[PDB]
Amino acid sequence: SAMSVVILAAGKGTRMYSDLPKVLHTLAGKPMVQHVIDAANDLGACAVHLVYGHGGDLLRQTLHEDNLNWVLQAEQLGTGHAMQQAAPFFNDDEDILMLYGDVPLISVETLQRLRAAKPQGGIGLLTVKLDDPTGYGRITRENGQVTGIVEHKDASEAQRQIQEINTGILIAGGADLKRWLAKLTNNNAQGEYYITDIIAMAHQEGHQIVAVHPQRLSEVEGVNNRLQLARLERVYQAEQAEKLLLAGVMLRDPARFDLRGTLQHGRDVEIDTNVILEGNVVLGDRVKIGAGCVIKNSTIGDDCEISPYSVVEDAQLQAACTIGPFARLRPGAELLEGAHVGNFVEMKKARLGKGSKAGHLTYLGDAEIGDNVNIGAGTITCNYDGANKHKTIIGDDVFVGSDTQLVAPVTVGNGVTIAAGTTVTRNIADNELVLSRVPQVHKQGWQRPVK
């Protein structure tokens, strides 16, 4: 049946020493709470109730889902209190899954299992067996069945021997939750309303608590400081790297590899050390990526070789292109089949034609360059006049001599040969050798300066 999610994002997060709300800090390039939001929507949540206490301006600036429902916890009185704020929105006939904005790696797979295990009228509980369960609340079981949670402060010498502890994540019916939440009190040392009281309520009423466990302990790890965040980052990258390796991408060093987004890949891709893939990256068959590349939101066709230390953002390479080492492709970079870009070359909103080469020390901006063109070393498209951008068009089979300047808007015909060092301001018709040059003069007797 229908189901909605409450994401708790209400801690102060002081141990982050941050002006950014804690659950907005990123993991693999996406905010922690966004991981949870995405899981809930993958589960098909009808609504996502985000309960926050601070930083509502910044949260609302960053999170936009058509089904996101914002719920202020006006005071920090505990997770049970936080649920009481969302409770007026639960439907009686829907399940309500409770999640944490700072436990980002919880998986859809685990949550689907939790949801299946919730007994009617009862509670599904996500528990984990720890080697050292000190501090955590222990799950009590009599003749196989769960009966309650005992906090560590109140556990007996023999109770503190249970290794199964409560993760805080749970699922239950909307109408039942409304019933339990209303009965919550706060007579205790901290004066808080603890959500775990509802376990005892359900048990005393005659209903069942069924527990399931995550596949990986990392799925239920929480983040309160940046050391915990960085450790979770490494765990997640490691898991991604293993999946890629097993699926048939060769990562030379999986510990020196980062994916912050998504990867579609062909067969026989090889990725060298210290590559960062960001956004949505698409790699064809037999793409080779060299040491140190950063590739963001780009598509790289079959058989391309990206040499070391290239930076690619929002670019398109067709099959069999070679870029780098030290190539810088910016949004709108576009290489046709078999094109080459060398070292210290920058492209921005620029198309390099089929089999065309710009091998050295070149800036191509706002340009359409034809097929079988040789952009000589030191060439620059002057696309900026101080106020507006202008376009440079080069035809098919053009030789642009080393250190040429094209002052856009300029069109260059097919078969043109532009001489070295020359400055191009007006158009050039087909097959015109064009040049703008002064012959060298030889001065006799010049004495070179001295200190």
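Start at 1 with the first residue shown and count on from there.
Enquirer: Using only the Cα atoms and their B-factors as the entry lists them, report which of 166-174 and 376-384 averages higher.
Expert: In the deposited entry, the stretch with the higher C-alpha B-factor mean is 376-384.
Enquirer: Higher average CA B factor in the deposited record is what I'm after, so tell me if that's 181-189 or 261-269.
Expert: The stretch with the larger mean CA B-factor is 181-189.
Enquirer: Determine which member of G55, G44, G421, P31 has the highest CA B-factor, using the values in the deposited entry.
Expert: Highest C-alpha B-factor among the listed residues goes to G421.
Enquirer: Using the entry's values, work out which of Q112, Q318, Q145, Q84 has the largest Cα B factor.
Expert: In this record, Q145 carries the highest C-alpha B-factor of the candidates.
Enquirer: According to the PDB entry, is the CA B factor of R160 in the bottom, middle or top third of its chain, that is, lowest, middle or highest?
Expert: According to the entry, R160 has a C-alpha B-factor in the chain's highest third.
Enquirer: Using the B-factor values recorded in the entry, state whether the Cα atom of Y136 falls in the lowest, middle or highest third among the modelled residues of its chain.
Expert: Highest third - that is where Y136 ends up once the chain's C-alpha B-factors are sorted.
Enquirer: Against its chain's modelled residues, does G290's Cα B factor rank lowest, middle or highest third?
Expert: Lowest third.
Enquirer: Ordered by C-alpha B-factor within the chain, which third holds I7? Give me lowest, middle or highest, please.
Expert: Answer is lowest: the recorded C-alpha B-factor places it there.
Enquirer: Among the modelled residues of this chain, does the Cα B factor of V410 put it in the lowest, middle or highest third?
Expert: Its C-alpha B-factor belongs to the highest third of this chain's values.
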